[PDB]
Amino acid sequence: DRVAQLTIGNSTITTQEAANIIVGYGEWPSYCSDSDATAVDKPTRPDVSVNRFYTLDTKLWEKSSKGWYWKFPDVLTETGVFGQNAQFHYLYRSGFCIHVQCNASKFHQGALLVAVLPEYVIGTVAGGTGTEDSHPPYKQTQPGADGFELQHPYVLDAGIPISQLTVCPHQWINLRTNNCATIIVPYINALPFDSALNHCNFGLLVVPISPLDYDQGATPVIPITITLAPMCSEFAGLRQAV
Amino acid sequence: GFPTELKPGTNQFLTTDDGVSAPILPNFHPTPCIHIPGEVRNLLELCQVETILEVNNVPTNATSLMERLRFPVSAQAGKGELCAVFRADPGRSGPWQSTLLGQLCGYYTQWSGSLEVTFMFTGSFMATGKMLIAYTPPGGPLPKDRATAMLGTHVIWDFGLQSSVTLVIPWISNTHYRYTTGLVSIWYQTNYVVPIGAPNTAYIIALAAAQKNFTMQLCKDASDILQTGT
Amino acid sequence: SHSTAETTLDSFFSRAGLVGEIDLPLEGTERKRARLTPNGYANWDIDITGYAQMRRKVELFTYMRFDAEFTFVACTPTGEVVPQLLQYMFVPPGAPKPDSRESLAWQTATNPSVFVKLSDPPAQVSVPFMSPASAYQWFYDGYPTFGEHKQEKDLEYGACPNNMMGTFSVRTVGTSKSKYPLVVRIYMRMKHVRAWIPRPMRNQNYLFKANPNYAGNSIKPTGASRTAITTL
Amino acid sequence: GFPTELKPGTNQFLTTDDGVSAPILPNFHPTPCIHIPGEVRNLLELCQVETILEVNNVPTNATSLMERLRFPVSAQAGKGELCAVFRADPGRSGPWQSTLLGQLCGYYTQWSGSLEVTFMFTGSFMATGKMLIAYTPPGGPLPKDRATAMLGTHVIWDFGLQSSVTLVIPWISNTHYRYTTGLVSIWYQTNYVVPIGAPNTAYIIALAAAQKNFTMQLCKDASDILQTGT
Amino acid sequence: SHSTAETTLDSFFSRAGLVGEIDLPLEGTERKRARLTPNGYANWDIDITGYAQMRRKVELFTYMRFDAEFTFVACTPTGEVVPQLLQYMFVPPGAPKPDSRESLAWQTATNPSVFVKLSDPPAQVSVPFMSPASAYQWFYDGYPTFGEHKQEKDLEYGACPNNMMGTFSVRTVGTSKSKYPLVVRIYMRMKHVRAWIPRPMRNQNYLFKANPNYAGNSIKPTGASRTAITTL
Amino acid sequence: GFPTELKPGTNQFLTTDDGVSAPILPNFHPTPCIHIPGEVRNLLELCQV
């Protein structure tokens, strides 16, 4: 009966679920009272047009799914008006409301770990048994709004144990208990501003830890819908032509 | 002319000595700290974070590595034992090595405190049943059956309650280490019950962490590797 | 329970570790020479991962900030002490390093130098937090060069040049070669440590210094059980 | 008998060490300071002084060297671009090396702050016309034409106002330096207009300096020469 | 940012630079000897431009005032340290310098001397502001001799004798020649710096120490552009 | 530059000398004292038994 609307795009949502909303590192996104000069040409703080409800193409969860990840702000870097701002500016800064939702029956099974890992550097295989340093292409490091699938979920495709991914801001999606998860992300960098197209401040991981299951006859693929909204987006830079 | 005698152990270089040495760049002023959202000041903050406990540390194939973060029940099983007892031994070899807590103990020698282990049932909504989770204090043997396990510290976990079973392990200690550990057992109280259309097998995820009374003492570097020069 | 001070970042990180070891031989039928490949003078870039366990340790966090105390222990490969005068020169990140024993870099005043004898106790200096950024960064999910995107003629991905801490250039003073075979071991101690975003601890063997690449033969932290139901 | 242990790094000589050493002439009393009209206490004072910016760093003849301090317009030109432009890179190779600011940056490694560039039109009193001075921030390419240059930060400069055009460059940085610089383009808004008897070509002198928010960091001696002993 | 202390005159000027290097070998068939041509003892006039980059630096101003800290690092040309006793004697501006190893100048008490061993850490002393004027002067637009005017057959224009800081006379103690080949390197650090009239920074190569003379091939600070309209 | 003259008997090691030497483990915090029922602080307590 509840319809949450912010902007031009509207979304129907159940919240706040099993564990309420997760605010990353106990810190809400803020504008920047501090940075940096501060000069006359200083940040351009838009909303609510740019800072709206963006809903990515739905992903299909399968018995054999290994997991997906998205890079921020790379996902929206080509999407609508935010994509426009991020491209034709020099400096960028923002927070994010990330909302992940499943649609499944009470006869479906499984558990997703939804997490946010700042500076998510990818490492690919150097040969199954060997040492060849090849580094991931753009299609894998910055997979755009369509995201990318994990090759080795156990090591998060970076030699790092997924069993400890919960040190990062996270929320569980257990189809038995809840169908949705919400994570709030503040701007995290060693600089107040950075490049939107060259630096991905964090990655969003969605990994099945307990595999999807069902008896045969039920819908064999479960949709994972992702809605995300930038919160205190700030664009310095100025003019640009790509 | 201020009279002085140099005491034993002068010109020595002690690697743990904490003094002030000459600044290489006296006039240099480092980039000032900005605020960064996450900050850790004590590792015990990290020890208090639930991480997945690989109770099912049995498969050793690259393709089956994800199966160690889970461990299932199934309608097949009678009313006997689900899975043995991850010794409550956060620093020793075994399941605890998957947790951040276990890995942080590896950089220390002694530890002591209480532990929490949260079990999360990821079965169908339509699935129902009861498990018996028991903790056995050090020195004690694994309880022979469900009935004798019930006579001790235990929680009876029904699936009217999703995961809100967090077992608390009273105390862990390394007064000796440089049956002498706790024991946490999981039994079928009842069989696994499902209607038509629900999967007859479901998986449990175990998350573990230390409580705020947990402390570690003697720092000690152990390792795996770091790349050689070429 | 009473004190939790041994689990502070300073307790965890602060002690002098053997970072590198510079080797300076005589002339003859030996090889290679080297090392680190000085035809007569070594350039050593400050790498905190010279100490082996340090990389996995610091990669527990995403951002860090610290000072560094460097100590220089010098001797002959037998551990003998001999009357030789040494030069330890610190070359700050922006500065050009020496390319010969006769390089003008050695007399450049803005490269602070230490002139100490082997007979003297090991030299000791402090290096401040050198980054142009607000913190060091062991993980950089992006590309530092800001050019025009679709162009990655380089697989440079994951490197951050803001972490450059400087260089130590080791040398025996003089115009003529030293009469003694020498070894200079460099020790570093992290001082005023702050760390920021905690992340999972390295799970697989390292392959390369600059990136988290791993081998396709992924391995477990440990799998001692024959089944979940047994315990031996 | 006052107990003392000598700590690592005693007998060392650090060239940047700042201590007090023995005075060679304890009884000598130096000539007292009188007041001298000019005094500098911080180099940033000098960085804030306008000096001529050699935008026209094109001729390399001893006799044409004075032509680098100017750069003209002319009635000849249409309505396209006057001169491409000095990357706002006060420390890099190029036009900025003529300025005291650029030469002072040469003695340092890092810098950050705002800049001012004043353009002075030294044409006839009877001369008139409009130039479009535009700033393109780092990462951006040179705007393809006057029209697209106009869509960004720009000043339209008419010769009803002589030189009172000071373009301000928002921010410059060396977070990387040890299209990643600003761009300040100059275009013909209108053609160059003169009556009979007025010269059909006029020159602009560009003066530049740093604002008071400008700072430099890591000291570093780079050079040209100094005479050898003969 | 926060602090502008690195651009104060002290930060800019104060660090120990290698000013000179005195050379004292043994006897035999070599050339020259020297150096700085001592038949047994070297006289070194205090020249702050011994350090190469220093002249252009201080010539940023017209008038300056400072103290100077001198450090003496002594060794054999192999960088070996040997049991030799040295004498560093400071000859104040007005005073006569030694002309032999046997000069009475060496025992003249008003020439402060330092007697230090090579085994001892490098010697260190401070020289006060020595000028009879209120400040040193890198530019003197005139003629110091005040005689009567149209009198110019002596190439003197532009020199200022008020900048004389003194002389260091280096020597091995003793009546007999030293058993060891020696090198004495002199370092100077300017201390309490004040500067007065700022002027354009040296634009052309130096030709002579005493004057701003330049060659007829005037050169630009840099002219990389093929035209103002391009950016390569 | 603080003037100092080293007096006879500096580098000597006196076995009864009571000074403070560098702690081998600065960050180490020893197990705190609990109360133990018997305690002796002077041997004359035992001589009186």
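Letters A, B, C, D, E and F mark the chains in the order given here, with residues in each chain numbered from 1 onward.
Just so it is clear, a contact is a pair of C-beta atoms (placed from the backbone, for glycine too) under 8 Å apart; a residue touches a chain by one contact, two chains touch by 3 or more.
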item: Which listed pair, D-E, B-E or C-D, duplicates the contacts of B-C in over half of its pairs; value: D-E
item: Of D-F and B-C, pair with higher C-beta contact tally; value: B-C
item: Averaged-CA centre spacing for the pair subunit F and subunit A, given as whole angstrom; value: 59
item: Distance from the mean Cα position of subunit E to that of subunit D, given in whole angstrom; value: 32
item: Centroid distance [mean C-alpha coordinates] between subunit F and subunit B, Å; value: 41
item: Between subunit C and subunit E, centroid-to-centroid distance (C-alpha), Å; value: 37
item: Junction residues of subunit F, two or more chains touched; value: 7, 19, 21-22, 27-29
item: Of all residues in subunit E, the ones touching two or more other chains; value: 1, 3, 6, 11, 14-17, 52-53, 73, 121-122
item: For subunit A, residues that touch 2 or more chains besides their own; value: 25, 118, 152, 154, 161-164, 167, 188, 190-191, 195
item: Residues of subunit C that touch subunit B when the two form their complex; value: 1, 3-4, 6-9, 11-12, 14-17, 49, 52-57, 60-63, 65, 69, 71, 73, 90, 92, 112, 121-122, 124-135, 187, 189, 194-198, 200-202, 205-209, 216-218, 220-231
item: Subunit B residues touching subunit A - in the complex, by the definition given at the top; value: 34-38, 46, 49-54, 62, 65-66, 68-70, 98-100, 103, 120-127, 162-163, 196-199, 201-203, 205, 207
item: Residues on subunit F engaged by subunit D in the complex (per definition of touch); value: 1, 7, 19, 21-22
item: Contacting residues of subunit B [partner subunit D, same complex]; value: 2-7, 9-13, 17, 19, 21-29
item: Residues of subunit D defined as touching subunit B within the complex; value: 1-10, 12, 14, 16-18, 217-219
